[PDB]
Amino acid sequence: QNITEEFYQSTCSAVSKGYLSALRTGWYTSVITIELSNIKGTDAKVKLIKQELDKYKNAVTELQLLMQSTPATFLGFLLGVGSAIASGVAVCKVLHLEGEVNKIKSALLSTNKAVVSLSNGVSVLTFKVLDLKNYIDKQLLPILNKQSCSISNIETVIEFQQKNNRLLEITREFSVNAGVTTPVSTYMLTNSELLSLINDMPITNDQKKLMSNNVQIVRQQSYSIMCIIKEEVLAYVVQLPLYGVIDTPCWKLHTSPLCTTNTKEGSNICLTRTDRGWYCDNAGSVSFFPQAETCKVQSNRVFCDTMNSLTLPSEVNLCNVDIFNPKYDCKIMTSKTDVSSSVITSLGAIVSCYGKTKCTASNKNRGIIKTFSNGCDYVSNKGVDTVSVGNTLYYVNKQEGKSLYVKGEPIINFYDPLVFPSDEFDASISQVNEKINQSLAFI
């Protein structure tokens, strides 16, 4: 779509818009299974088969030993605390109840894909992705018993190594992740397996299309939870994201310190909007993601997780156009630390240049085209390739889109430095006003 951006000189911040939401709001749990074999002079070929067979037995033993316990795993400090795999773990707990695994084993007898309702009413999609039981009970078992121990060909050795390797790698992953992995690898679930899983999922076509067109994101937002080995069934729960909010407007708020620029060192005061992060319209409110690194952007689609959000009044948006607006108390932090830096935005760069710092913007071939004066300023990515603040070189994002420079008096100029409350972190416009009023009162 049309990604656009606005820089507000008055508050040293910038909003990038035109993004479309894809928010993980829920979890879907599928049960992925591997059917196992329960099995007991040597030539070179049979020796290899027995070595591979040992790797198979060891992997099973290792996974069994692994499940002796229950499976487990600016404004960010305001977030709540969730339990990411509580739902997957609950489904896994149900799989341990007597008869439960047997239901699944029976379901997948004549097909590899099936929906099974568990005893607690939970309806899970089930998937047998590998039948090692059939392979070992055929092909291999006849050669290790009938002509003890050899009627063997090299192609069988190769084939067994190929088939067993998936089990070995899944086991490797679980072994260094304490039975819980994320992102979900293609060993857990191949691309085709995941795609057909998504297709057979109880979701809308919009969700199926969204997930199929972004499987690499789906993998990053999924968990594989090692669950149970019982009755020749190896089962792990794959916990998949449900995107219950799709195609709502999203915008990214970038902020940077705004300081006075007086000559005398240490006489300057600063203010920074702390409400930077991703914002998405969501159900009459606004979902706010303070750790913008928790969201992943694909073109103009932004994938976030509501577990890492606050739910805010939509008036929080007013802080962008009018930070002194009466409907929402815009959040800021204050300080006297006027250090220089830059924030690279979607479509340009914010530059907070203070003191003796050299701040410039350059083009690839031309070199320096703008030298920043002290204060907070901005340049768009059109005709600009890099920005330098001090010894730090920044490459700007080269995505196409228009920027708008909104001129306005830096609001830091509205404050008397003699009564300015610095070192306020979790503050706001009203809180700062409140403290200023008290300092003025005592004077």
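Each residue number is its position in the shown sequence, starting from 1. Rigid core (definition): largest C-alpha set, two forms, superposition within 1.5 Å.
Colleague: Comparing 156-164 with 359-367, which has C-alphas lying farther from the shown form in 5 other deposited structures of this protein once the core is aligned?
Modeller: Relative to the shown form, the greater RMS C-alpha distance in 5 other deposited structures of this protein belongs to 156-164.
Colleague: Quick one: core-superposed, which stretch strays further from the shown model in 5 other deposited structures of this protein, 83-91 or 193-201? Go by RMS C-alpha distance.
Modeller: Checking 193-201 against 83-91 in 5 other deposited structures of this protein, I find the farther stretch is 193-201.
Colleague: Within the set of other compared PDB entries, does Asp43 lack a model in a third or more?
Modeller: In at least a third of the comparable entries (those modelling both sides of it), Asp43 has no coordinates.
Colleague: Note whether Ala235 lacks coordinates in a third or more of the other compared entries that model its flanking residues.
Modeller: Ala235: modelled in all of the comparison entries.
Colleague: Indicate whether the chain is continuous between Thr73 and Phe74 or, if not, how many deposited residues are absent from the coordinates: none, 1 to 3, 4 to 9, or 10 or more.
Modeller: In the deposited sequence, 10 or more residues between these two have no coordinates.
Colleague: Scan the PDB entry between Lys407 and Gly408 and report the missing deposited residues as one of none, 1 to 3, 4 to 9, 10 or more.
Modeller: Gap between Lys407 and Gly408: none, chain continuous.
Colleague: Do the CA atoms of 204-212 or those of 318-326 have the higher mean B-factor in the entry?
Modeller: Looking at the record's C-alpha B-factors, the answer is 204-212.
Colleague: Between 242-250 and 90-98, name whichever shows the higher mean Cα B factor according to the PDB entry.
Modeller: The entry gives the higher C-alpha B-factor average to 90-98.
Colleague: Name the residue from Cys149, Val237, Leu312, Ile344 with the greatest C-alpha temperature factor listed in the entry.
Modeller: Each of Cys149, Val237, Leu312, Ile344 was compared by C-alpha B-factor; the highest is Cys149.
Colleague: Pick out which of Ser388, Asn381, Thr33, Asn38 has the highest C-alpha B-factor in the PDB entry.
Modeller: So the option with the highest C-alpha B-factor is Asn38.
Colleague: Which third of the chain holds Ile49 when residues are ordered by C-alpha B factor: lowest, middle or highest?
Modeller: Highest third, going by the recorded CA B-factors of the chain.
Colleague: Among the chain's modelled residues, which third holds the C-alpha B-factor of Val60?
Modeller: Middle third.
Colleague: In terms of the chain's CA B-factor thirds, is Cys376 lowest, middle or highest?
Modeller: Its C-alpha B-factor belongs to the lowest third of this chain's values.
Colleague: Taking the entry's C-alpha B-factors for this chain, is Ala107 in the lowest, middle or highest third?
Modeller: Highest third - that is where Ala107 ends up once the chain's C-alpha B-factors are sorted.
Colleague: Which third of the chain holds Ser256 when residues are ordered by C-alpha B factor: lowest, middle or highest?
Modeller: As the PDB entry reports it, the C-alpha B-factor of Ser256 lands in the lowest third of its chain.
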